[PDB]
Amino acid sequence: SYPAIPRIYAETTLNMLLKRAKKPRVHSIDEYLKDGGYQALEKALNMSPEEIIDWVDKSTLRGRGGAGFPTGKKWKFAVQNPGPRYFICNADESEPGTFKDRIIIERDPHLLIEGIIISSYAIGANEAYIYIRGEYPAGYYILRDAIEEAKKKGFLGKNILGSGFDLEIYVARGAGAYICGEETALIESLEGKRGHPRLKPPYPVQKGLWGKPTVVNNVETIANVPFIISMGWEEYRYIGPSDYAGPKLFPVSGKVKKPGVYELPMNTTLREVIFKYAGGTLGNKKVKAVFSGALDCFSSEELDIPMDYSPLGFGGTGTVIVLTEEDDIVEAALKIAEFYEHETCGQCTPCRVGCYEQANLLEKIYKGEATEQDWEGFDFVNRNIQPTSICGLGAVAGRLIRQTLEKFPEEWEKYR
């Protein structure tokens, strides 16, 4: 028995990452094995670590955590440095609108565990971690049980399947900070400290957990690793566009008929995600904007863009929050400002004071209590959260809000 989880709708056109996770229930090891589960691990243990890295590289798989670094290349960088090495599964998923990772953790934990074992073997890590946000208690108990199921079927522990490879997967819990998804802050939290990002360089692949070479990968990235080994890199590269190949999970929310997670190729357009798959809008109202998580804002004129990591593409993590004609953009921008205000770790002064002031002044603007000085101050602060910042949060805290100012000036001017 696990804590209650809402039943998120999940649909797939590829039947890969959502093969089992399209069903809202825990798929235990017996059901997993019946589908050919852990057979990719068996094949991997018969291959050299260098060969697995090459396949993952040739698959063109890129990070699903937001930065899109090529996964195979990240592994090459880490194995350049001497051991012991560490493998970390980033299950901190806390960005507004993003709920793709949890459905893998909660419904197909073994797809994630298998991915972790293959990845750990590829980089020579004998100790792996799952760092899962504190607000996923069910996901935590499901992973602990699944790890024990894997241990009993001999997929974990010492000398896994007579290969001489040892691995233990430890599950760590977060405790309320979005910043703990930042790979260096996650490592600090795993070391039993406050989740404060470290100045980069050094990068985790060189000096991470206990100053040792550390590979941090997102849940969704790791969930592709069993498919790459099972299918082979070539067959995997055939899925979707050849330049942005493989399956991709799209968490869709807001004013859509069918909100949920969609497994689609990355040549799908934003308009197709909304209208062809998510069933269009609630009450057939006009789409006003799409928020790419708390990162970007796309207008109704930008829906024909592809859902890939190209510069003109959707980018981010494929997070789709739909706002229709009746949704106030200034009220929406305030919710984004409030997010960054609550999440800055405060190490950097323009980030600490800029995230606070952007939200404080925007609330004044929204409530009709802003002076002309507050209006000018708001514009200044929004353009000045980034200076001296040592992590991605300070660099993006004003991005989406700046885009609503540029794309919806008529709406903002109504608040003047």
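Throughout, rigid core stands for the largest set of C-alpha atoms superposing within 1.5 Å between the two forms. Numbering starts at 1 and follows the sequence shown.
Here 257-265 and 196-204 are scored by the root mean square distance of their C-alpha atoms in 6 other deposited structures of this protein, with each structure fitted by the rigid core; the higher score goes to 196-204. Higher mean CA B-factor, judged across 141-149 and 230-238 from the recorded values: 230-238.
Legend: mean Cα B-factor per stretch from the PDB entry, 325-333 versus 339-347; the higher mean is in 325-333. Of the candidates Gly124, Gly134, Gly293, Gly260, the one whose C-alpha carries the top B factor in the deposited record is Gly124. Within the selection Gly164, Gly181, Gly318, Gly97, the deposited Cα B-factor values reach their highest point at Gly164. Per the PDB record, residue ranking by Cα B-factor puts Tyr32 in the middle third of the chain.
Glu188: CA B factor lies in the lowest third for its chain, per the PDB record. Residue-level temperature factors show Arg402 in the lowest third of its chain, judged at the C-alpha atom. Split the chain's modelled residues into thirds by C-alpha temperature factor. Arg173 is in the lowest one.
Remark: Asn224 belongs to the middle third of its chain, ranked by C-alpha B-factor as recorded.
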